[PDB]
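# Working through the structure, step by step
Below, each chain spelled out in residue letters.
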Amino acid sequence: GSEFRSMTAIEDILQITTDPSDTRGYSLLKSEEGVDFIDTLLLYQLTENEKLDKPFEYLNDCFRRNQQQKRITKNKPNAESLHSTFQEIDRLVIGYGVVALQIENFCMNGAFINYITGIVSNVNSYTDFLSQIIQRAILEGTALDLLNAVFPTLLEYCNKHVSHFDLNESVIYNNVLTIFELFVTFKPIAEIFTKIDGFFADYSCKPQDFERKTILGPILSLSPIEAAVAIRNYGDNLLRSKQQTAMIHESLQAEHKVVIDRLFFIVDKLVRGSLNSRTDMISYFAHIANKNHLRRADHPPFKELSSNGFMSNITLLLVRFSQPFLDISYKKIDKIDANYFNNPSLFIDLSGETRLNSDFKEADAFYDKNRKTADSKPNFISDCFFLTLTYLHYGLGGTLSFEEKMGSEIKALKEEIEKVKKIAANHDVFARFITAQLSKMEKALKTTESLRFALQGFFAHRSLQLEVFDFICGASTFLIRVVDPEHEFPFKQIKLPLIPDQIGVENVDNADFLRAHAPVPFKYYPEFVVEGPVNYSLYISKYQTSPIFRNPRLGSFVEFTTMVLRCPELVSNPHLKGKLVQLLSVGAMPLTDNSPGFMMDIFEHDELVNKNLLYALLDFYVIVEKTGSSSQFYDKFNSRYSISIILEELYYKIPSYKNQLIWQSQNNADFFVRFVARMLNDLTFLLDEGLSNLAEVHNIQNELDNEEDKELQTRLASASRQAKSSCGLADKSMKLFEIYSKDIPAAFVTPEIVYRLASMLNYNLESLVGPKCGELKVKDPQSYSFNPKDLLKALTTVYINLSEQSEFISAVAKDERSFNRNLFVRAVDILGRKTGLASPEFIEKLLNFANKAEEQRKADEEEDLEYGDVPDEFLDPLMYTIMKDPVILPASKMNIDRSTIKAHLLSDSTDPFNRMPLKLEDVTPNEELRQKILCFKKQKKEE
Ligand SMILES: [K+]
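Here the numbering of residues is sequential along each chain, from 1 in written sequence order, and it may depart from the entry's numbering. Residues without coordinates do not appear. As a convention, hydrogens and water are excluded, and side-chain values are obtained from all of the structure's heavy atoms.

Method information in the entry identifies X-ray crystallography as the source of the structure, with 2.56 Å recorded as the resolution.

Structure, rendered in structure tokens:
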């Protein structure tokens, strides 16, 4: 007999008795008065006992005492006699704990919110009981009811019971994450999680509320780039040292790392739950994306879009889900469906999305032609990969464009508060109005300056950024496989060009042709597939801890870039390719020590790169000419500036390319001559538009003596940006002519180049040597890439590098328009003032050339008025005989004797002058010219 040890246990654990004379402060009931009495004491303590304002905390404390009273007893004899009770306590306590989180108004005090509030504040002390409650709910098949009572409620706690649910509230967000982990770890729960009320957004939910009104909202927003977290961590003292600033960057990164790890774990469990769950997971993220495209606008409506912290976290998550399939072995590389866009999109809203090389019509058409294939096919692995590309662009892309602009925002803001800080407000009302205004501005300035530090801390976070770029590289490999006609890459090299090089790009907008011959599925992929990677790559390149620098997978993206820059059919958009070519220029620039750019090794040893890089650059340098957009008609000059930086470096550091160039000019002169023609044409005006602009910059600073002060900015600034771009391209163009004319002099004196070259050179020489450059007054000439001395030295060097080609000295001499010996005399004068020129031997060579030039001119003058009586227009171009039946060639517009072309068309049916196919039928007679000759032969009958 010892059942007294029971009722005494039932009371010390449930903390309740019936007698008023109890020593310890236990609740007391005045109803009736062992084991078969527990359900009664409990039911009472939860529904009729007013002193228990915190019911769930009670049931939890009871359960915990019973577990303590359990481990304490067994280690003794009387043990066996209690087991019966502990058992029934557990069975009912967890049973009501389940009910407390399923039926709303079941207890006499509080509701769901009050209970989970208690749980969040001290999650650890609730863990065990919660575990039991969950198991109980699934064994009974009522887990969803459990979840609809805890997570939708938790959403209310994060939005209403906390000022801000962000990284600041350390204790609170960690506990919330824990109650999330504890739950999703049970698969029976994970496979049902997305069915919870509020997991999806209401149709009328605004994008900025996705992170507030959706179940995964709050925790997915946990990031160091939330304004409140930035102000708190950096706005604190924006004047601290880079050393101290680096410490908080470290703290925030360490903390952010953990956050995405736990977030990944939670989403991973929901994706592994079932096929239904991961599918809803794709629907969930697709919606977040489809409604945030404006995050990529020029002036984004921030208050109507999701935050950078949210979108960026999701981009990171997606990236890890995709990482496995893009590992360096690419063994699972085919799990990703290349025909993903062959049918109407099921998740990612592609309307309005520009394709690589195609329009809507063709896309829809592609959809009809493919309805023959499975209509349904929501393949998760592919969805996730392409969703990652979507977030890379709209999520991260909008976050990086956001901080890329803060510099100008801060500068302009500082000028606004300084302008307002001058106002003298006499009236008290006006004074408050002005101070209020200064208050709003400085309040925004602090947010911006703090957020900028926060954003830089995030992008300098190599660990994370590395994951992002390695995905770009894996994405690259994947895209090259789509393009490769045998879809074998990287297991079998890819063959470039795809379609043979159009010997004569001299066709009517290849647009239609190229598009028609664009790669099968690739031509339909949305443009953000390439723009995302390149916007990102160009952007993080400014950080010292860049993912791109010294990364072993860089080659993949370089290979992809080269492929695009090589086959004009792949991506039509010239603007997009200019970006790529700009990334390459970044990877080609030397350093302080003057060692190879970080991409040079790849350019030299990557097979797919060194086999096409040079030709791609030379070809793209030319194609950007067929561009004409709104504020993008000046990017073809930036593309050329960039292509030029690369050309120069490749030529100095990699003999392999120096040889590819040389070879090119001899084995494919047509292509090579086509490239220097464009460099030549542009060079006839570059220095001129540089001088015109610097002229406008000096006018404006003059008008500033005290028109509309504002417009004189978007103006003056704009003139400087044209001056720097013009003088800069000119400089790189001369260098290239100089750099090449030294090794392949012959290539530049071919008839299609020599006369135009001599003219262009002489024109610039006149400019440099005279009043056009001499009269120009400027601020920091260098700030605009304007070095008239460097230019004059490189120009003069070109002459010297070509001063042994009779054709060139003849061309320079025959240049009526600009040639004049005194120009070289002046040049020799300028170069002989400041120490800068391989002279006086150099000056020796130039002056020599100038002399041969003047001699060649005097001879030509003598030859003309002494040995040429018959006016040149009457002489046949090829026989030099006086024409009897002059006719006009349709293509060349040249006049030639009928007898001559006939003789030519016999073994060659083409225009002797430009090889344009010609037939004798389309030759138009020139009667007016023939009569002038008949008239000449007539008067010539003197004797
Ligand atoms: K938040």
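Now that the structure has been shown, we can carry on.
### Some remarks on the overall build of the protein chain
A tally of regular secondary structure across the protein chain gives 40 helices and 5 strands. Its C-alpha radius of gyration of 40 Å places the protein chain more than 25% over the 30 Å reference for a compact globule of 943 residues. When its C-alpha atoms are laid out on the principal axes, the protein chain stretches across 160 × 80 × 50 Å. Carbon together with sulfur atoms contributes 52% to the accessible area of the protein chain, which is approximately 46000 Å² in total. Here the protein chain holds 107 positive side-chain charges and 130 negative ones, and the gap between their average locations is 1 Å. Secondary structure elements are taken from DSSP: a helix is a run of H or I of four residues or more, a strand is a run of E of two residues or more, and numbering for both begins at the N terminus. Only C-alpha atoms enter the radius of gyration; for comparison, a globular chain is expected to reach 2.2 Å times N to the power 0.38, where N is the number of residues. Values of accessible area rely on a 1.4 Å probe in the Shrake-Rupley scheme; residue burial ignores everything except the protein chains shown. Counting rule applied: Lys, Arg positive; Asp, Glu negative; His and chain ends not counted. To locate a charge, the coordinates of NZ of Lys, CZ of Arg, CG of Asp or CD of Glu are taken.

### Section: the packing of aromatic side chains
Aromatic rings from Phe, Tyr and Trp, with only the six-membered ring used for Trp, were paired whenever their centres fell within 6.5 Å, and each pair was classed as stacked if the ring planes differed by under 30 degrees, edge-to-face if by over 60, and tilted otherwise. For the structure shown, the criterion picks out 52 aromatic pairs. Look at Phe385 and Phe386: their rings are 5.0 Å apart centre to centre, the planes differ by 75°, and that puts the pair in the edge-to-face class. Aromatic pair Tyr799 and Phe849: ring centres 5.4 Å apart, planes at 45°, arrangement tilted. Highlighted residues: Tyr799 in helix α35 (residues 788–802) and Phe849 in helix α38 (residues 841–867), separated in sequence by 50 residues. Across the pair, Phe849 and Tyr799 agree in class, each one buried. Ring pairing ties together the aromatic residues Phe151, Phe180, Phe183, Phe193, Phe199, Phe200, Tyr284, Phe285 and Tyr391, which thus form one cluster. The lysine or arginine in question, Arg566, covers the ring of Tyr615, its NZ or CZ lying 3.6 Å from the ring centre. In this scheme, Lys NZ or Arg CZ marks a charge over a ring once it lies within 6 Å of the ring centre and within 35 degrees of the ring normal. The ring of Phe842 carries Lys793 above its face, with NZ or CZ at 3.1 Å from the centroid. Burial status follows relative accessibility: with a 1.4 Å probe on protein chains alone, a residue under 20% of its type maximum counts as buried, one over 50% as exposed, and anything between as partly exposed.

### Quick notes on a negative patch on the surface
Residues enter patches when their relative accessible area tops 30% and they take part in no salt bridge; the joining distance is 9 Å for like charges and 5 Å for the nonpolar side chains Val, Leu, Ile, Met, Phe, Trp and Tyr. Note on definitions: salt bridges are taken to be side-chain nitrogens of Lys or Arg within 4 Å of carboxyl oxygens of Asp or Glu. The grouping of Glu862, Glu863, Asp864, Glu866, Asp872 and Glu873 at the surface amounts to a negative patch. Counting through the fold element by element, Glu866 comes out in helix α38.

### Topic: the domain arrangement of the protein chain
Domain annotation of the protein chain identifies domain 1 (1–868) and domain 2 (869–943). The partner domain 2 presents 4 residues to the 4 residues of domain 1 that form the contact. Here the quantity called buried area is the total loss of accessible area, with a 1.4 Å probe, experienced by two parts when brought into contact, counted for both. Area buried by domain 1 at its contact with domain 2 is led by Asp670, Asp864 and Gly868, which between them contribute 94% of it. Across the domain 1-domain 2 interface, the total number found is 0 salt bridges. Residues adjacent in sequence count toward polar contacts only when both atoms are side-chain atoms; beyond that, a polar contact is any pair of N or O atoms within 3.5 Å, and within protein one must be able to donate a hydrogen and the other to accept it. At the junction of domain 1 and domain 2, the tally comes to 0 residue pairs in polar contact. When grouped by side-chain class, the residues that make up the side of domain 1 that touches domain 2 number 1 nonpolar, 1 polar and 2 charged. An automatic or database domain assignment is the source of the domain bounds shown. Contact definition: two residues touch when any of their heavy atoms are within 4.5 Å. Three classes are used: nonpolar for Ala, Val, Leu, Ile, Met, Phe, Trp, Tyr, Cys and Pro, charged for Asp, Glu, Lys and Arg, and polar for all others, with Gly counted as polar.

### Considerations on the coordination of the potassium ion
Here a donor is an N, O or S atom found within 2.8 Å of the metal, or within 3.2 Å if the metal is Na, K or Ca; sites may look incomplete because water is not among the atoms. At the metal site, the potassium ion is ligated by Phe165 (O) and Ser221 (OG), and these contacts range over 2.8 to 2.9 Å. Taken together, the residues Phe165 in the loop between α7 (143–160) and α8 (170–184) and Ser221 in the loop between α11 (217–220) and α12 (227–235) connect sequence positions 56 residues apart.

### A closer look at the side chain of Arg566
Looking at the secondary structure, you find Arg566 in helix α23 (residues 554–566). When neighbours within four sequence positions are excluded, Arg566 is seen to be in contact with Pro497, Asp501, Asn612, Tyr615 and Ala616.

### Notes on the sheet that holds strand β5 (residues 924–925)
Through backbone hydrogen bonds, the strands of a sheet pair up, either in parallel or in antiparallel fashion. Note on pairing: DSSP must find at least two bridges between two strands before they are called paired. The strand order across the open sheet built from 3 strands is β4-β3-β5, with neighbouring strands paired in antiparallel fashion. Each end of this open sheet is capped by a strand with a single partner; those strands are β4 (895–897) and β5. For strand β3 (residues 886–888) and β5, the ladder comprises 2 bridges, and the chain directions are antiparallel. Its bridge partner lying in β5, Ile888 is registered against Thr924. Where helices are involved, their axes are fitted lines through C-alpha atoms of the stretch in contact, as for all axes, and angles between N-to-C directions lie from 0 to 180°. Along the sheet, helix α39 (residues 898–905) makes contact with β3, β4 and β5, crossing β4 at roughly 80°.

### Quick word on the environment of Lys579
Its location among the elements puts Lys579 in helix α24 (residues 574–588). The buried category is assigned to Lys579, whose relative accessible area is 16%. In the structure, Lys579 is positioned 336 residues away from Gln243 in sequence and 34 Å away in space, judged by C-alpha atoms. In this view, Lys579 contacts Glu531, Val534, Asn535 and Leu538; residues no more than four positions away in its chain are not counted. At 2.7 Å, the side chain of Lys579 forms a polar contact with the side chain of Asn535.

### Overview of the packing of helix α28 (residues 636–653) against helix α32 (residues 711–741)
It is the contact of α28 with α32, at a shortest axis distance of 9 Å, that shows an interaxial angle of 35°. Like other packed secondary-structure pairs, α28 and α32 cross with a definite hand, here left-handed. Residues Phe637, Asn638, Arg640, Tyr641, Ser644, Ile645, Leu647, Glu648, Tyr651 and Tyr652 of α28 lie in contact with α32, whose contacting residues are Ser725, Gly728, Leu729, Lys732, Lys735, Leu736, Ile739 and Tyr740. The residue inventory of the contact of α28 with α32, partitioned by class, reads 10 nonpolar, 4 polar and 4 charged. A clockwise turn of the near helix away from the far one marks a right-handed crossing, whereas an anticlockwise turn of less than a right angle marks a left-handed crossing.

### Digging into the state of the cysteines
Any two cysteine sulfur atoms lying within 2.5 Å of each other are counted as a disulfide. Taken as a whole and judged by the stated rule, the model has 0 disulfides. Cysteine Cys384 shares no disulfide, and the gap to the nearest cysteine sulfur, in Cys473, comes to 18 Å. Assessed through its relative accessible area of 2%, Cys384 is described here as buried. We note that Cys567 lacks a disulfide partner, and the nearest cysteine sulfur, in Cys473, lies 20 Å from it.

### Quick look at the nonpolar core
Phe151, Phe603 and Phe808 are the most contacted members of the largest nonpolar core, which totals 270 residues. The contact partners of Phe151, leaving out residues within four places of it in the chain, are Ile179, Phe180, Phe183, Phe193, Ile196 and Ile215. Counting 8 residues, the second-largest nonpolar core is a separate cluster that includes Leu413, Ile417, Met441 and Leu445. Nonpolar cores were defined as sets of buried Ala, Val, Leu, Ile, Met, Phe, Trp, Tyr and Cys residues, with membership established by side-chain atoms within 4.5 Å.

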